[PDB]
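One chain is shown next in C-alpha cells, namely the form deposited in one PDB entry.
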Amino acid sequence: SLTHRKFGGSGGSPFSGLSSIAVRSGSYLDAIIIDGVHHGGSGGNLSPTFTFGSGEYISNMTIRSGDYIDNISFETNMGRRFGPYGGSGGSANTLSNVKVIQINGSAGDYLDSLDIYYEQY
C-alpha cells in the first residue's frame, strides 16, 4: 500500500529528493537523468538540466510512449516548462493536477519505461 509519513518539525525550506531532471534525446529518450544519475544510453543530445525550487514540483506532464519512451514534457506548479524533448512516435498520455514524487523506470540503450509515483489532486 503506497503511503507517506512525515517526521520532524515545521521549520526549514522544503525539498524533494527529485531535485533535477535532464534527458538525452533524439527520436526517443536515450536517457533520463535524475539528480545527475543517468538511466539509459549515450545516444542523442543532452538537454539542459531542470533544477526544482523549494516547494516546486511537476504538476502536469505529457509522456509519449510505445515500446520505449518517445517524448517527455512537463510543467511545474511555478509555471515553468521542461521540453518537449524526444520524437513524435508512440501515443500520448497525460498526468494533470498532480504532484510528482518519484520517477523509477527501466532502461537499456534507451529509456524503455517510466514508473511515475505521484499524488493526484
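Quick note: we count residues from 1 along the sequence shown, nothing fancier. What we label the rigid core is the largest C-alpha set whose atoms superpose within 1.5 Å from one form to the other. Shifts are known only where both forms have a C-alpha.
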| query | finding |
| --- | --- |
| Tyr28 - Cα temperature factor, lowest/middle/highest third of chain | highest |
| For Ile34, the third of its chain into which the C-alpha B factor falls | middle |
| CA B-factor placement of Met61, once the chain's modelled residues are sorted into thirds | highest |
| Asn45 - which third its CA temperature factor falls in, relative to the rest of the chain | highest |
| Relative C-alpha B-factor of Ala92, binned into the chain's lowest, middle or highest third | highest |
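There is also a form deposited in another entry; it is not shown, and the following applies to it.
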query	finding
Sequence-ordered runs, three or more residues, C-alpha shift 2 Å or more between the shown form and the other one, rigid core	7 to 14
